[PDB]
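Chemist: Counting in the authors' numbering, the final residue of the sequence shown is number 153, and the numbers go up one at a time with none missing.
Positions of the beta carbon are idealized from the N, C-alpha and C atoms, including for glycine.
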Amino acid sequence: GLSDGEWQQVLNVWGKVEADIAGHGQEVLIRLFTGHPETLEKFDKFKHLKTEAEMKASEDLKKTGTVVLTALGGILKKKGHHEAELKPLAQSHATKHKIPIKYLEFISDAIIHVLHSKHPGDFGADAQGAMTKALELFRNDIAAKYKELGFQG
Ligand code: HEM
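1. Since residue 138 and residue 39 are thought to touch, with beta carbons under 8 angstroms apart, how far apart are those beta carbons, to the nearest angstrom?
2. What is the DSSP secondary structure of residue 2, reduced to helix, strand or coil?
3. Name the two residues that bound the continuous alpha helix (DSSP H) containing residue 38.
4. May I ask which residues mark the beginning and end of the alpha helix (DSSP H) holding residue 86?
5. Can you tell which of 145, 14, 2, 4 has its C-alpha closest to the C-alpha of residue 91?
6. Thinking C-alpha only, which one of 4, 22, 17 is nearest residue 63?
7. For residue 154, is the classification buried or exposed, using 16 other Cβ atoms within 10 angstroms of its Cβ as the cut-off for buried?
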């Protein structure tokens with residue numbers, strides 16, 4: 001999917017996320033949830049939050065933030081050689097959580113948003129381009145598995 005120059009960009013940008021996984025993961029989910037509230041309904045432990053302060057105030061959300069971005073970071077470091085770590089991911093989001101691939105689109109957008117926000121001016125045009133394709137690759141490999149399963153919705 002990507003060139004090596006491009007993976008290079010991806011991994012350079014991921015290095016900013018690794019300096020504060022917890023803080024980045026928090027703001028990614030908050031951006032996802034405040035923007036697309038129907039997404040909050042896919043989590044029974046976040047059902048209760050109703051405001052963004054409460055969200056910001058939840059330590060559990062930070063925890064969930066760290067799990068999601070730790071797992072993502074592990075896939076990105078495989079430079080597209082992720083059949084092994086994505087299958088399980090794809091199977092559980094489809095059969096167990098029942099996550100439409102649109103929500104995966106939404107968080108992909110939420111990551112890009114958050115990176116600009118926390119790093120205004122040092123998330124260059126090339127960087128945005130390498131990162132965007134990486135997330136698209138991710139999402140595409142998941143949609144193929146969703147298709148197998150007929151996870152129609
Ligand atoms: C960037 C893409 C994402 C990654 C890497 C990711 C990763 C993970 C991981 C590692 C887990 C725990 C292990 C498992 O259940 O497989 C998890 C659970 C879960 N994910 Fe995802 N996830 C992503 C996107 C989403 C999105 C977009 C939603 C819904 C809007 C979502 C909803 C859930 C739910 C409901 C659980 C179970 C939560 C709990 O009770 O702990 N995930 N995810």
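Modeler: Quick look at the numbers:
1. In fact, because the Cβ distance is near 17 angstroms, the residues do not count as touching under 8 angstroms.
2. coil
3. No alpha helix (DSSP H) holds residue 38; DSSP gives it neither H nor E.
4. 83–91
5. 145
6. 22
7. The shown model of the chain, from 1 to 153, leaves out residue 154, and the question about it has no answer.
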